[PDB]
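The next block holds one structure in the form of structure tokens; read it before the comments.
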Amino acid sequence: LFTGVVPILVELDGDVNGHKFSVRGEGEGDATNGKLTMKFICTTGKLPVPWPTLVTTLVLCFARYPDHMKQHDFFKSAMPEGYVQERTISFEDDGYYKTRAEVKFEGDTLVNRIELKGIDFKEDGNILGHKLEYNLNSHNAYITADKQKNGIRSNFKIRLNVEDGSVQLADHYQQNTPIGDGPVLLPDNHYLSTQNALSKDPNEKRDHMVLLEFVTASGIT
């Protein structure tokens with residue numbers, strides 16, 4: 001199921017401050033090496049927010065969990081029926097993203113289907129005003145079990161690069177639960193670490209993002 005390369009489809013329907021948009025993505029995942037390769041297209045025209053602010057919303061089941069941590073891989077153990085991933089994201093000095101997603105297999109394809117709402121952004125801020133560099137730093141995230149809520153949680157911060165040279169923080173608050181609320185593997189506390197390279201397709205005319213990404217779990221011997 002995750003042994004070799006798996007095709008991925010991402011579908012995101014959003015609106016920020018009432019501006020409606022949609023993103024579709026295709027690529028593949030290789031959980032053996034923790035590797036993702038994707039191309040995302042804005043199917044509604046110009047993306048009304050910067051692409052770097054959507055990377056975390058646009059499949060942690062492809063993180064590399066080494067052998068000794070397989071008993072702590074919530075994301076794969078919930079497959080193929082899948083999980084719900086929900087986030088609140090607070091942007092420094094600006095608005096909020098509220099996201100709900102279902103991650104599951106639909107046939108041979110791993111599908112991430114997302115709804116996003118962005119509330120109370122400034123029209124002339126860094127997000128709606130498109131003032132971010134086209135880049136995303138490497139980041140770490142602490143993963144904990146929530147036995148009460150039958151799932152896992154994670155709170156982490158992302159550092160966005162602003163075109164004036166400053167840094168803008170995005171505080172992420174995350175919760176995952178299995179689709180169907182059935183029995184859930186409860187991991188011990190551990191970390192996920194991500195590297196991501198954002199680029200462009202020199203022949204693509206639509207608003208788009210090419211992504212190469214590497215995610216690895218650590219923290220349990």
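Derivation of every value follows stated rules applied to the coordinates shown; laboratory data play no part. Don't worry about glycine lacking a Cβ; one is built from the backbone with ideal geometry, like all the others, and counts go over all protein chains shown.
Along the charge dipole of segment 114-189, pointing to its positive end and built from +1/-1 on Cβ of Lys, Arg, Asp and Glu, which listed residue (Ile158, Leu132, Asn176) has its Cα farthest out?
Positive-end residue among those listed: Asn176.
For segment 40-124, just say rounded, prolate or oblate: build the C-alpha gyration tensor, square-root its eigenvalues into a ≥ b ≥ c, call rounded for a/c under 1.5, and beyond that prolate if a/b exceeds b/c, oblate if not.
Prolate is the answer for segment 40-124, as a/c is 1.5 or above and a/b outweighs b/c.
Which of the chymotrypsin sites (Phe, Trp or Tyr not before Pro) found in segment 119-195 are in a DSSP loop and have at most 16 neighbouring Cβ atoms, other than their own, within 10 Å? Show your work: numbers first, answer last.
On the way: sites: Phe121, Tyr134, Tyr142, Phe156, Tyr173, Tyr191; in loops: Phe121, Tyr134.
Answer in residue order: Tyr134.
Once you've got the Cα coordinates, tell me which of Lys35/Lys98; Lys35/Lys117; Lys46/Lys70; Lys20/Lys131 are over 30 Å apart. Each step should come with its number before you reach the end.
Values: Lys35/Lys98 26 Å; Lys35/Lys117 28 Å; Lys46/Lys70 41 Å; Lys20/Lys131 20 Å.
Flagged as over cut-off: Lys46/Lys70.
Quick one: dipole size for the chain, taken about the Cα centre, charges +1 on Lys/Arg Cβ and -1 on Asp/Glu Cβ, in debye to the nearest 20.
200
Which whole-Hz couplings ³J(HN,Hα) result when phi for each residue of segment 91-108 is put into the Karplus expression 6.51 cos²θ - 1.76 cosθ + 1.60, θ = phi - 60°, listed in order with x for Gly and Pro?
Listing the rounded values in order: 8, 4, 6, 8, x, 9, 9, 10, 10, 9, 9, 10, 10, 6, 7, 10, x, 8 Hz.
I'd like the Karplus ³J(HN,Hα) series for segment 155-172: coefficients 6.51, -1.76, 1.60, θ = phi - 60°, whole numbers in Hz, and an x wherever there's a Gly or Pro.
Result, ordered by residue: 10, 8, 10, 10, 9, 8, 8, 9, 5, 7, x, 7, 10, 10, 8, 10, 7, 9 Hz.
Which percentage, to the nearest 5, of the DSSP beta bridges contained in segment 6-218 is antiparallel? Present the calculation step by step, with values, prior to reporting the outcome.
Numbers: 82 of 92 bridges.
In segment 6-218, approximately 90 percent of DSSP beta bridges are antiparallel ones.
Would you calculate, for the chain, the mean residue ellipticity at 222 nm contributed by helices, counting each DSSP H stretch of 4 or more residues as -39,500 (n - 2.57) and dividing by all residues, to the nearest 500? Working shown, then result.
Numbers: 1 runs with 4 residues, N = 221.
It lands at -500 deg cm²/dmol.
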